[PDB]
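Descriptive structure summary
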Amino acid sequence: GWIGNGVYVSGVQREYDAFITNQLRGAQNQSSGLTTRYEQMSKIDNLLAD
Amino acid sequence: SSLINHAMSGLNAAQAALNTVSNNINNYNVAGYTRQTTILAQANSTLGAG
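Numbers attached to residues count from 1 within each chain as its sequence is written and can disagree with those in the entry; no residue without coordinates is shown. Here every chain gets a letter starting at A, and every ligand a number starting at 1, in the order they are written. Here we see only some chains of a larger assembly; the values are for those chains and no others. Side-chain metrics in this entry use all non-hydrogen atoms of the structure; hydrogen atoms and water are not considered.

The deposited coordinates derive from cryo-EM, with the record listing a resolution of 2.9 Å.

Next comes the structure, spelled out in structure tokens:
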């Protein structure tokens, strides 16, 4: 009557989302730019340190 | 001489039942899988003798 032939593997899945990734990309780029600015600007101020 | 059919019917049903069991062992954690199962029944009764 009704029967089955057991189990088989069908696919491999990735825990990925593009949208969150790309928002994080924009944020990371802008933040990196701001911190890069901060690094150098400090060096100028330290030249005024004393 | 019906006993040949009796024994061989039992053997066939046993093979079927174990196939169902093996199907379950295969599926034991497949998503959504449902417990699969087999069923039995006495053969039809002739009034062939006493």
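Resuming the write-up.
**Here's the deal with the environment of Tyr-16 of chain A**
All names here are of chain A. Our working definition: Helix and strand definitions here come from DSSP, where helices need a minimum of 4 consecutive H or I residues and strands a minimum of 2 consecutive E residues; each element is numbered from the N-terminal end. Any residue under 20% of the maximum accessible area for its type is buried, any over 50% is exposed, and the rest in between are partly exposed; the area is computed with a 1.4 Å probe on protein chains only.
Within the secondary structure, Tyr-16 sits in the segment before α1 (18-47). Exposure remark for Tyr-16: the relative accessible area of 54% places this residue in the exposed category. On a C-alpha basis, the gap between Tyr-16 and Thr-36 in space is 30 Å, while along the polypeptide they are 20 residues apart.

**Here's the deal with the interface of chain B and chain A**
What counts here: Should any heavy atoms of two residues lie within 4.5 Å, those residues are considered in contact. The buried area of a pairing is the accessible area, by a 1.4 Å probe, that goes missing from both parts when the two are put together, added over both. Between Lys or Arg on one side and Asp or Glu on the other, a salt bridge is scored when a side-chain nitrogen of the former is within 4 Å of a carboxyl oxygen of the latter. As used in this structure description, the phrase polar contact means that two N or O atoms lie within 3.5 Å; if the pair is within protein, one of them must be able to donate a hydrogen and the other to accept it, and residues adjacent in sequence are counted only when both atoms belong to side chains. All amino acids are sorted into three groups, where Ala, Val, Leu, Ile, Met, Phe, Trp, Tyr, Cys and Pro are nonpolar, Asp, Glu, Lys and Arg are charged, and the leftover types, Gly among them, are polar.
Counting from both sides, the interface comprises 4 residues of chain B and, opposite them, 4 residues of chain A. Summed over both sides, the interface between chain B and chain A buries roughly 320 Å², with carbon and sulfur atoms accounting for 47% of that surface. Three residues, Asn-23, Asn-26 and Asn-27 of chain B, lead the burial of chain B against chain A; their summed loss comes to 81% of the area buried on that side. At the surface where chain B touches chain A, the tally comes to 0 salt bridges. Linking chain B to chain A there are 2 residue pairs in polar contact. Class assignment of the residues belonging to the side of chain B that touches chain A gives a composition of 1 nonpolar, 3 polar and no charged.

**Considering a nonpolar patch on the surface**
All names here are of chain B. Inclusion rule: Only residues whose relative accessible area exceeds 30% and that form no salt bridge enter a patch; like-charged residues are grouped when within 9 Å of one another, and nonpolar side chains (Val, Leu, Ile, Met, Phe, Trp, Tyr) when within 5 Å. A 1.4 Å probe and the Shrake-Rupley method give the accessible areas. Residues count as covered only by the protein chains that appear here.
A contiguous nonpolar surface patch, about 300 Å² in accessible area, is contributed by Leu-18, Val-21 and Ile-25. In this structure, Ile-25 sits in helix α1 (residues 3-27). When its relative accessible area of 58% is taken as the criterion, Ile-25 is described as exposed.

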